[PDB]
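K.L.:
This is the structure I have questions about; it appears just below.
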Amino acid sequence: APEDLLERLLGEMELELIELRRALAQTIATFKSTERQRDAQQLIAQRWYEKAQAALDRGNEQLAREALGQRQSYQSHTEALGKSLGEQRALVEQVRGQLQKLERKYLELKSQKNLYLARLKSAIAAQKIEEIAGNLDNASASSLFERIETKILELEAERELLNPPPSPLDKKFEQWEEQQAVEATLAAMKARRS
Amino acid sequence: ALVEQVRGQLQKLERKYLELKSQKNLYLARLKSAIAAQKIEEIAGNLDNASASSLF
């Protein structure tokens, strides 16, 4: 039953299409999580930047050497995460485009599904009646009206011999006698009480 | 086009259905008459010298 498959196939398309939506959730979550680390490490440098800002305060340049030398151990992480953050931006944008385009197509197919199903129902249901009406017959009259007439013709003729009709002679006499009677007794009545 | 095309089939087919039904009763009525009214003659005009039911 191919028509049922349409429901089955499009069901699967919805079973996993939503799962794609779930997968997108994890990817976007990691983007937020990675962003949370960048500012945190930036803040640590910012905190050391405040001490570094006060490290040289009063002219204590010697101390700032260790502070600034320490911060670079954090800046390298910032750049590494900053660059990696840009890479993840493409994936979230690229993947979303697929979902948007695919989502539009799913409903588009569904619209045609009912339409073709409706045409199938009409051309299969409304079709079957004609094989019931126009059955094989001399005039395609269901093939039963023809056979029925044979039965009627048989019976009406199956017994006409059983009660033979008047022969053309005795019918001629019966008619002539009737004609005579209806014109001779009539003639008798015509002259009897003219 | 499809809605217009399909409707034409329904209209034409709908007319034909009742048309067949009218003949159905008519042929049935003729069958009943020619089968019921026929059977009496095989009861009256049975095989006889004068077809007088064969019992007289």
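Labels used: A, B, ... for chains in the order of the structure tokens, numbers from 1 for residues in each chain, and numbers from 1 for ligands as shown.
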With the cut-off set at 7 Å and counting only C-alpha atoms, tabulate each residue of chain A with an atom at most that distance from an atom of chain B, showing the nearest atom pair and its distance in Å to one decimal, ordered by chain and increasing number, as a tab-separated table.

P.N.:
```
residue	atom	partner	partner_atom	distance
A:152	CA	B:31	CA	6.3
A:155	CA	B:34	CA	6.8
A:156	CA	B:34	CA	6.7
```

K.L.:
Generate the output file for the selected residues, C-alpha atoms, as a compact mmCIF listing (two decimals), in the first residue's frame.

P.N.:
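Final file, out.txt:
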```txt
# COMPACT_ATOMS: atom_id res chain seq x y z
CA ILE A 152 -38.52 -12.75 -21.41
CA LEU A 155 -41.09 -17.37 -22.04
CA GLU A 156 -43.32 -15.29 -24.31
```

K.L.:
Give me the residues within 10 Å of residue 37 (chain A) as a VMD selection string, counting only C-alpha atoms and dropping any in the same chain fewer than 6 places off.

P.N.:
chain A and resid 43 77 to 78 81

K.L.:
Report as a PyMOL selection string all protein, DNA and RNA residues lying within 12 Å of residue 38 (chain A), evaluated on only C-alpha atoms, omitting residues in the same chain fewer than 4 positions from it.

P.N.:
chain A and resi 31-34+42-46+74-85

K.L.:
Could you check how far CA of residue 125 (chain A) sits from CA of residue 4 (chain B), in Å to one decimal?

P.N.:
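According to the coordinates, CA of residue 125 (chain A) and CA of residue 4 (chain B) are separated by 17.6 Å.
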
K.L.:
Hey, what does DSSP flag as alpha helix (DSSP H) within chain B? Can you give it to me as an mmCIF file with N, CA and C atoms, in the first residue's frame?

P.N.:
```cif
data_model
loop_
_atom_site.group_PDB
_atom_site.id
_atom_site.type_symbol
_atom_site.label_atom_id
_atom_site.label_comp_id
_atom_site.auth_asym_id
_atom_site.auth_seq_id
_atom_site.Cartn_x
_atom_site.Cartn_y
_atom_site.Cartn_z
ATOM 1 N N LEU B 2 -8.589 20.765 -12.010
ATOM 2 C CA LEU B 2 -8.937 19.478 -11.418
ATOM 3 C C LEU B 2 -10.304 19.524 -10.754
ATOM 4 N N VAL B 3 -10.581 20.584 -9.994
ATOM 5 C CA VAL B 3 -11.869 20.686 -9.318
ATOM 6 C C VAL B 3 -12.994 20.817 -10.336
ATOM 7 N N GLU B 4 -12.748 21.539 -11.429
ATOM 8 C CA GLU B 4 -13.754 21.649 -12.480
ATOM 9 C C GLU B 4 -13.905 20.331 -13.228
ATOM 10 N N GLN B 5 -12.781 19.702 -13.578
ATOM 11 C CA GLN B 5 -12.834 18.446 -14.320
ATOM 12 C C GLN B 5 -13.521 17.356 -13.509
ATOM 13 N N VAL B 6 -13.176 17.238 -12.225
ATOM 14 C CA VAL B 6 -13.728 16.162 -11.411
ATOM 15 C C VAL B 6 -15.224 16.356 -11.208
ATOM 16 N N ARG B 7 -15.668 17.605 -11.049
ATOM 17 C CA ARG B 7 -17.085 17.853 -10.823
ATOM 18 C C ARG B 7 -17.917 17.404 -12.016
ATOM 19 N N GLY B 8 -17.421 17.645 -13.231
ATOM 20 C CA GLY B 8 -18.150 17.214 -14.411
ATOM 21 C C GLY B 8 -18.413 15.722 -14.415
ATOM 22 N N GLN B 9 -17.420 14.931 -14.003
ATOM 23 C CA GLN B 9 -17.619 13.489 -13.916
ATOM 24 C C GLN B 9 -18.730 13.149 -12.935
ATOM 25 N N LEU B 10 -18.727 13.791 -11.765
ATOM 26 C CA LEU B 10 -19.745 13.499 -10.764
ATOM 27 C C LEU B 10 -21.132 13.860 -11.271
ATOM 28 N N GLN B 11 -21.263 15.018 -11.920
ATOM 29 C CA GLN B 11 -22.567 15.444 -12.414
ATOM 30 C C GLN B 11 -23.095 14.473 -13.461
ATOM 31 N N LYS B 12 -22.264 14.137 -14.449
ATOM 32 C CA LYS B 12 -22.695 13.214 -15.493
ATOM 33 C C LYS B 12 -22.993 11.833 -14.922
ATOM 34 N N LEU B 13 -22.118 11.332 -14.050
ATOM 35 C CA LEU B 13 -22.332 10.014 -13.464
ATOM 36 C C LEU B 13 -23.582 9.994 -12.596
ATOM 37 N N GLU B 14 -23.811 11.063 -11.832
ATOM 38 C CA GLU B 14 -24.971 11.103 -10.949
ATOM 39 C C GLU B 14 -26.265 10.988 -11.743
ATOM 40 N N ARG B 15 -26.337 11.663 -12.891
ATOM 41 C CA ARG B 15 -27.530 11.581 -13.726
ATOM 42 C C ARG B 15 -27.767 10.155 -14.206
ATOM 43 N N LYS B 16 -26.696 9.448 -14.568
ATOM 44 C CA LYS B 16 -26.850 8.117 -15.142
ATOM 45 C C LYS B 16 -27.358 7.110 -14.120
ATOM 46 N N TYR B 17 -26.972 7.258 -12.851
ATOM 47 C CA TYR B 17 -27.331 6.254 -11.853
ATOM 48 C C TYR B 17 -28.842 6.096 -11.751
ATOM 49 N N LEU B 18 -29.558 7.206 -11.566
ATOM 50 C CA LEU B 18 -31.012 7.129 -11.470
ATOM 51 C C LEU B 18 -31.631 6.667 -12.779
ATOM 52 N N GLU B 19 -31.009 7.005 -13.909
ATOM 53 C CA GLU B 19 -31.533 6.570 -15.199
ATOM 54 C C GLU B 19 -31.553 5.050 -15.293
ATOM 55 N N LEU B 20 -30.481 4.396 -14.841
ATOM 56 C CA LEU B 20 -30.454 2.939 -14.844
ATOM 57 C C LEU B 20 -31.508 2.372 -13.904
ATOM 58 N N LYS B 21 -31.700 3.011 -12.749
ATOM 59 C CA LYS B 21 -32.634 2.485 -11.760
ATOM 60 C C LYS B 21 -34.052 2.446 -12.311
ATOM 61 N N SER B 22 -34.431 3.450 -13.102
ATOM 62 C CA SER B 22 -35.773 3.475 -13.674
ATOM 63 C C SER B 22 -36.018 2.243 -14.535
ATOM 64 N N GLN B 23 -35.045 1.888 -15.377
ATOM 65 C CA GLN B 23 -35.192 0.703 -16.212
ATOM 66 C C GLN B 23 -35.160 -0.573 -15.383
ATOM 67 N N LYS B 24 -34.482 -0.548 -14.235
ATOM 68 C CA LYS B 24 -34.368 -1.749 -13.415
ATOM 69 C C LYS B 24 -35.743 -2.256 -12.997
ATOM 70 N N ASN B 25 -36.574 -1.371 -12.445
ATOM 71 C CA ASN B 25 -37.915 -1.777 -12.043
ATOM 72 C C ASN B 25 -38.746 -2.192 -13.250
ATOM 73 N N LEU B 26 -38.623 -1.457 -14.357
ATOM 74 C CA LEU B 26 -39.430 -1.749 -15.534
ATOM 75 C C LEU B 26 -39.159 -3.156 -16.050
ATOM 76 N N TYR B 27 -37.883 -3.514 -16.204
ATOM 77 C CA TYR B 27 -37.552 -4.863 -16.647
ATOM 78 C C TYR B 27 -37.956 -5.894 -15.603
ATOM 79 N N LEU B 28 -37.796 -5.560 -14.322
ATOM 80 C CA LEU B 28 -38.243 -6.461 -13.268
ATOM 81 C C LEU B 28 -39.746 -6.687 -13.345
ATOM 82 N N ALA B 29 -40.512 -5.620 -13.573
ATOM 83 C CA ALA B 29 -41.961 -5.756 -13.667
ATOM 84 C C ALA B 29 -42.350 -6.645 -14.839
ATOM 85 N N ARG B 30 -41.726 -6.431 -15.999
ATOM 86 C CA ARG B 30 -42.012 -7.275 -17.152
ATOM 87 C C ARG B 30 -41.648 -8.724 -16.868
ATOM 88 N N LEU B 31 -40.517 -8.944 -16.195
ATOM 89 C CA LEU B 31 -40.127 -10.303 -15.844
ATOM 90 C C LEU B 31 -41.172 -10.953 -14.950
ATOM 91 N N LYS B 32 -41.660 -10.219 -13.949
ATOM 92 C CA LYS B 32 -42.657 -10.774 -13.041
ATOM 93 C C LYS B 32 -43.936 -11.127 -13.789
ATOM 94 N N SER B 33 -44.376 -10.244 -14.684
ATOM 95 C CA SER B 33 -45.597 -10.504 -15.440
ATOM 96 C C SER B 33 -45.426 -11.706 -16.357
ATOM 97 N N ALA B 34 -44.333 -11.740 -17.117
ATOM 98 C CA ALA B 34 -44.133 -12.800 -18.095
ATOM 99 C C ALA B 34 -43.710 -14.119 -17.466
ATOM 100 N N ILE B 35 -43.377 -14.132 -16.180
ATOM 101 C CA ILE B 35 -43.051 -15.364 -15.475
ATOM 102 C C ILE B 35 -44.208 -15.827 -14.600
ATOM 103 N N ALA B 36 -44.880 -14.890 -13.931
ATOM 104 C CA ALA B 36 -46.010 -15.249 -13.083
ATOM 105 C C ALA B 36 -47.249 -15.523 -13.924
ATOM 106 N N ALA B 37 -47.664 -14.541 -14.727
ATOM 107 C CA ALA B 37 -48.828 -14.727 -15.581
ATOM 108 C C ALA B 37 -48.616 -15.834 -16.598
ATOM 109 N N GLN B 38 -47.366 -16.209 -16.863
ATOM 110 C CA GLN B 38 -47.118 -17.286 -17.813
ATOM 111 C C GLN B 38 -47.454 -18.640 -17.206
ATOM 112 N N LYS B 39 -47.097 -18.843 -15.935
ATOM 113 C CA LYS B 39 -47.182 -20.165 -15.327
ATOM 114 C C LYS B 39 -48.599 -20.719 -15.310
ATOM 115 N N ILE B 40 -49.617 -19.858 -15.324
ATOM 116 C CA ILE B 40 -50.991 -20.345 -15.244
ATOM 117 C C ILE B 40 -51.334 -21.176 -16.473
ATOM 118 N N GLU B 41 -50.816 -20.781 -17.637
ATOM 119 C CA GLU B 41 -51.185 -21.465 -18.872
ATOM 120 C C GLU B 41 -50.670 -22.897 -18.895
ATOM 121 N N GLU B 42 -49.524 -23.157 -18.262
ATOM 122 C CA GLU B 42 -49.056 -24.534 -18.134
ATOM 123 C C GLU B 42 -49.888 -25.315 -17.130
ATOM 124 N N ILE B 43 -50.714 -24.632 -16.345
ATOM 125 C CA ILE B 43 -51.644 -25.298 -15.440
ATOM 126 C C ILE B 43 -52.982 -25.551 -16.119
ATOM 127 N N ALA B 44 -53.438 -24.609 -16.945
ATOM 128 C CA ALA B 44 -54.706 -24.773 -17.644
ATOM 129 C C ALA B 44 -54.538 -25.621 -18.899
#
```
